[PDB]
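Visitor: Have a look at this one.
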Amino acid sequence: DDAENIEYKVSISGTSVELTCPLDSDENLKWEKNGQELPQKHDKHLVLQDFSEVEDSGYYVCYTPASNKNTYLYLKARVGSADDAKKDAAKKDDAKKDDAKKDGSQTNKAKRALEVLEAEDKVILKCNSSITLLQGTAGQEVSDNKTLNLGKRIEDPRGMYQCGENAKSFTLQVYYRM
């Protein structure tokens, strides 16, 4: 209750991205990327050097041995390089042998409490019922306390939305380029 710590903070410098977990620093603070925990840097801030929006873009979250809060953050930043400059004779790039051709086939995707998707240049928040509007992108209930309509993704939508209380409280925040 000092400076709003119930949300993920973001501070990108050049092509780096440091996000502060929505809680105190935990010596064992476990972070997560695209739904994968990374037992490497358990610092309150998650700095990502050379953040390639290609694969470095997606959801991110953290947890501690005493603080468990289901919260996801859609981090989408853009940092690369204008045209080319240096040189690299090693230009092979062989992609003739591929094992997957659909981001992991279509066996499963997502269906938890709340979830956000971007289709037809549009983004919406889906929850098992009425969606709690925390702050930031406060679009509009698509049908009636179930889906949100922020509009397009090029508008740099950024906010959070928790589900209703019933079987499991869920919260998700979005961050499109700062």
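Convention: chains lettered A, B, ... in structure tokens order; per-chain residue numbering from 1; ligands numbered from 1 as shown.
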From a backbone DSSP assignment, name each residue in chain A labelled strand (DSSP E), as a ChimeraX atom specification.

Guide: /A:9-13,16-20,30-33,36-38,45-48,58-63,71-76,115-119,122-126,132-136,158-162,171-176

Visitor: Neighbouring residues of range 61-67 of chain A were defined as those with any atom within 8 Å, considering only C-alpha atoms; residues of the same chain fewer than 4 positions away were excluded. Please report them as a PyMOL selection string.

Guide: chain A and resi 21+26+28-33+71-73

Visitor: Distance CA of residue 170 in chain A-CA of residue 76 in chain A, one decimal place?

Guide: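 Interatomic distance, CA of residue 170 in chain A to CA of residue 76 in chain A: 21.0 Å.
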
Visitor: Please provide the set of residues having any atom within 12 Å of residue 60 in chain A, restricted to only C-alpha atoms, with same-chain residues fewer than 3 positions apart removed, written as a ChimeraX atom specification.

Guide: /A:7-10,17-22,30-38,46,48,56-57,63,70-76,172-175

Visitor: Deliver the residues from the most recent selection as a file, using C-alpha atoms, as a PDB file, in the first residue's frame.

Guide:
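And here's out-v5.pdb as it stands now:
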ATOM      1  CA  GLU A   7       0.919  -4.864 -11.013  1.00  0.00           C
ATOM      2  CA  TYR A   8       4.050  -5.543 -13.107  1.00  0.00           C
ATOM      3  CA  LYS A   9       6.288  -2.522 -13.763  1.00  0.00           C
ATOM      4  CA  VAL A  10       8.233  -2.108 -17.020  1.00  0.00           C
ATOM      5  CA  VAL A  17      13.432  -4.986 -20.762  1.00  0.00           C
ATOM      6  CA  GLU A  18      13.385  -4.946 -16.940  1.00  0.00           C
ATOM      7  CA  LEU A  19      10.001  -5.827 -15.384  1.00  0.00           C
ATOM      8  CA  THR A  20       9.433  -5.630 -11.612  1.00  0.00           C
ATOM      9  CA  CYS A  21       7.389  -8.534 -10.192  1.00  0.00           C
ATOM     10  CA  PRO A  22       4.221  -7.190  -8.501  1.00  0.00           C
ATOM     11  CA  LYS A  30      10.668 -17.597  -9.530  1.00  0.00           C
ATOM     12  CA  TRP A  31       9.872 -15.804 -12.817  1.00  0.00           C
ATOM     13  CA  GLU A  32       8.084 -17.336 -15.836  1.00  0.00           C
ATOM     14  CA  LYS A  33       8.067 -16.863 -19.631  1.00  0.00           C
ATOM     15  CA  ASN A  34       5.333 -18.009 -22.068  1.00  0.00           C
ATOM     16  CA  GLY A  35       4.239 -20.391 -19.275  1.00  0.00           C
ATOM     17  CA  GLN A  36       7.758 -21.632 -18.421  1.00  0.00           C
ATOM     18  CA  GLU A  37       9.511 -21.013 -15.075  1.00  0.00           C
ATOM     19  CA  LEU A  38      13.193 -19.981 -15.284  1.00  0.00           C
ATOM     20  CA  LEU A  46      13.422  -9.128 -14.873  1.00  0.00           C
ATOM     21  CA  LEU A  48      15.954  -9.041 -20.750  1.00  0.00           C
ATOM     22  CA  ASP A  56      10.851 -12.647 -26.490  1.00  0.00           C
ATOM     23  CA  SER A  57       7.249 -11.371 -26.816  1.00  0.00           C
ATOM     24  CA  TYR A  63       6.053 -16.300  -7.879  1.00  0.00           C
ATOM     25  CA  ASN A  70      -2.147 -15.929 -10.455  1.00  0.00           C
ATOM     26  CA  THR A  71      -1.208 -12.917 -12.616  1.00  0.00           C
ATOM     27  CA  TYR A  72      -0.068 -12.869 -16.262  1.00  0.00           C
ATOM     28  CA  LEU A  73       1.433  -9.940 -18.178  1.00  0.00           C
ATOM     29  CA  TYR A  74       1.407  -9.575 -21.985  1.00  0.00           C
ATOM     30  CA  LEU A  75       4.769  -7.890 -22.668  1.00  0.00           C
ATOM     31  CA  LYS A  76       5.224  -6.822 -26.305  1.00  0.00           C
ATOM     32  CA  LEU A 172      -4.164 -10.842 -16.251  1.00  0.00           C
ATOM     33  CA  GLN A 173      -2.432  -7.589 -17.284  1.00  0.00           C
ATOM     34  CA  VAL A 174      -1.517  -6.439 -20.820  1.00  0.00           C
ATOM     35  CA  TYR A 175       1.418  -4.235 -21.903  1.00  0.00           C
TER      36      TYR A 175
END

Visitor: Within 12 Å of residue 154 in chain A, counting only C-alpha atoms, which residues show up once you throw out same-chain ones fewer than 5 positions away? Write them as a ChimeraX atom specification, please.

Guide: /A:76,118,120-123,175-177

Visitor: Save out the residues we just selected, N, CA, C and O atoms, as a short mmCIF file (atom, residue, chain, number, x, y, z; two decimals), in the first residue's frame.

Guide:
data_model
loop_
_atom_site.label_atom_id
_atom_site.label_comp_id
_atom_site.auth_asym_id
_atom_site.auth_seq_id
_atom_site.Cartn_x
_atom_site.Cartn_y
_atom_site.Cartn_z
N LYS A 76 4.90 -6.86 -24.85
CA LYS A 76 5.22 -6.82 -26.30
C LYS A 76 6.06 -5.58 -26.62
O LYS A 76 5.54 -4.49 -26.75
N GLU A 118 -5.72 -11.89 -29.70
CA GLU A 118 -5.69 -10.80 -30.72
C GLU A 118 -6.05 -11.36 -32.09
O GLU A 118 -5.24 -11.97 -32.76
N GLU A 120 -8.09 -10.65 -36.01
CA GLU A 120 -8.62 -9.59 -36.92
C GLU A 120 -8.18 -8.21 -36.45
O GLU A 120 -8.98 -7.30 -36.33
N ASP A 121 -6.91 -8.04 -36.19
CA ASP A 121 -6.41 -6.71 -35.72
C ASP A 121 -7.22 -6.23 -34.52
O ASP A 121 -7.30 -5.05 -34.25
N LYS A 122 -7.83 -7.13 -33.80
CA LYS A 122 -8.64 -6.73 -32.61
C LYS A 122 -8.25 -7.56 -31.39
O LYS A 122 -7.80 -8.68 -31.51
N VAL A 123 -8.42 -7.02 -30.21
CA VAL A 123 -8.06 -7.78 -28.97
C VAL A 123 -9.22 -7.75 -27.97
O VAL A 123 -9.90 -6.75 -27.82
N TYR A 175 0.47 -5.37 -21.72
CA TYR A 175 1.42 -4.23 -21.90
C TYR A 175 1.93 -4.21 -23.35
O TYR A 175 2.88 -4.90 -23.69
N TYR A 176 1.31 -3.44 -24.20
CA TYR A 176 1.75 -3.38 -25.62
C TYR A 176 2.74 -2.23 -25.82
O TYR A 176 2.35 -1.08 -25.91
N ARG A 177 4.01 -2.53 -25.91
CA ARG A 177 5.03 -1.45 -26.11
C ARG A 177 4.83 -0.32 -25.10
O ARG A 177 4.18 0.67 -25.39
#

Visitor: Compare A:96, A:101, A:112, A:42 by their minimum atom-to-atom distance to residue 127 in chain A, counting only C-alpha atoms, and give me the closest one.

Guide: A:112
